[PDB]
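These notes concern the structure reproduced below.
The residues of the chain are indexed from 1 along the displayed sequence. Only heavy atoms go into these numbers, but all of them, side chains included; no hydrogens, no water, no symmetry mates. Just so you know, ligand 1 is whichever comes first in the structure, and atom 1 is the first atom listed for that ligand.
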Amino acid sequence: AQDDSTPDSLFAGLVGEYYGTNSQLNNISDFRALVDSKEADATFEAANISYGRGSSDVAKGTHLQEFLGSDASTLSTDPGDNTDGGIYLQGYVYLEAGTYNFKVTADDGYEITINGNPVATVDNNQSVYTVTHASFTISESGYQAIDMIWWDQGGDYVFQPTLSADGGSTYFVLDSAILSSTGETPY
Ligand SMILES: OC[C@H]1O[C@H](O[C@H]2O[C@H](CO)[C@@H](O)[C@H](O)[C@H]2O)[C@H](O)[C@@H](O)[C@@H]1O
Ligand SMILES: [Ca+2]
Ligand SMILES: [Ca+2]
Ligand SMILES: [Ca+2]
Ligand SMILES: [Ca+2]
Ligand SMILES: [Ca+2]
Ligand SMILES: [Ca+2]
Ligand SMILES: [Ca+2]
C-alpha cells in the first residue's frame, strides 16, 4: 500500500535495486548491510526473474546488463565497476491459497521472503547450485508481499528462483503474469 507522499510506479514486476561494493560479500547479512548503507547504484523493473549465467564478476563492465537480460532496459543508470554486487527486489506476487515451494539455482547466495517469512535461504557463497526448498503455505488468495536478495562475491553469477504450486512436479519463473510492484492489478 501507499506509505508516503511519492506516487509509485505500477508495473508487472518487482521493484529492483542493484548495489555494488569493493568489500567482500560473504553472507546475507553482508549484502543487507550494503543495501542499508547507501542509495541503490541502479534501479530497475524485475519482470522476468531468471538472471544469468555469466562470468567475470556481475559488478564489472556490462555484466549486470547481461545478467538482467530482458529487464536491463529498465535500468536507471549503468553502474560503474565494483568487485562485488547484488540485487534487492520487493513487491507483490499473486498466489492462490495453497502450498508452494521454491527451487532456486544460484551463484552466490540469496534469501526470499513471502509475507515477511523466509522461504528460501542460502547464507553463504557458492558456485552454481540448485536447492529444492521446503514447502510453505499461503492462507489467503491474492497479492502476497515478496522480497528477494541475491549477490555475487565475484566470478560466475546466476539467479533463477522457480516456484511450484503442485508439490514439486512443475515449476515456474516469477514474471509479469503474476508480479505487481504495488499490489494493485497491472494492465
Ligand atoms: O566460492 C564461491 C565461488 O566459487 C567459484 O569460484 C571459486 O571456484 C572456481 C572454480 O573452482 C575458481 O576458479 C575460483 O577462483 C574460486 O573463487 C565460482 O566461480 C564463483 O562464482 C563463486 O562465487
Ligand atoms: Ca510511495
Ligand atoms: Ca538503501
Ligand atoms: Ca557497468
Ligand atoms: Ca537472460
Ligand atoms: Ca526489456
Ligand atoms: Ca569479492
Ligand atoms: Ca560468484
With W150 as partner, the option from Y19, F67, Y110 fulfilling ring-ring contact (aromatic ring centres under 6.0 Å, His included) is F67
Is it true that a side-chain atom of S135 and a backbone atom of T99 form a donor plus acceptor pair closer than 3.5 Å?
no
The Ca ion (ligand 7) to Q153: any N/O/S contact under 3.0 Å?
yes
Option with minimal heavy-atom separation from atom 23 (O) of ligand 1, where the choices are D57, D108, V158:
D108
Just checking: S70, one of its N/O/S atoms, less than 3.0 Å away from the Ca ion (ligand 6), yes or no?
yes
Mark whether atom 10 (C) of ligand 1 lies under 4.0 angstrom from at least one protein heavy atom.
no
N125 N/O under 3.5 Å from ligand 1 N/O:
no
So, is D152 polar-close to ligand 1, with some N/O to N/O distance under 3.5 Å?
no
Residue pair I112 / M148: nearest heavy atoms and the distance that separates them
CG1-CG, 4.0 Å
Enclosure of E96 CD (heavy-atom neighbours >12, cutoff 6.0 Å)
no
When you measure from atom 17 (O) of ligand 1 to every protein heavy atom, which one gives the shortest distance, and what is it?
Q153 NE2, 4.5 Å
Selected option - heavy-atom contact closest to atom 18 (C) of ligand 1, from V58, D107, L25:
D107
Side-chain (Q2) to main-chain (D4) donor-acceptor, under 3.5 angstrom:
yes
Which class fits the ring pair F136 and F102: parallel under 30°, tilted 30 to 60°, perpendicular over 60°?
parallel
Do protein heavy atoms approach atom 2 (C) of ligand 1 to less than 4.0 Å?
yes
Does one hydrophobic cluster hold both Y143 and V173, with members joined at side-chain heavy-atom distances below 4.5 Å?
no
To which protein heavy atom is atom 19 (O) of ligand 1 closest, and what is the distance rounded to 0.1 Å?
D156 N, 3.9 Å
Locate the shortest heavy-atom distance separating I28 from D123; write the atom from each residue and the value.
N-OD1, 3.0 Å
Is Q24 close enough to the Ca ion (ligand 7) that one of its N, O or S atoms comes in under 3.0 Å?
yes
I need the nearest protein heavy-atom contact for atom 5 (C) of ligand 1: residue, atom name and distance, please.
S127 CB, 4.1 Å
What verdict does the side-chain contact (heavy atoms from CB on, under 4.5 Å) test give for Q153 and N26, after you've listed the backbone C-alpha separation in whole Å, the side-chain angles of each residue and the deciding distance to 0.1 Å?
CA-CA 7 Å; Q153 72 95 50; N26 282 313; 5.6 Å; no
Contact check: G155 vs ligand 1, nitrogen or oxygen atoms, below 3.5 angstrom:
no
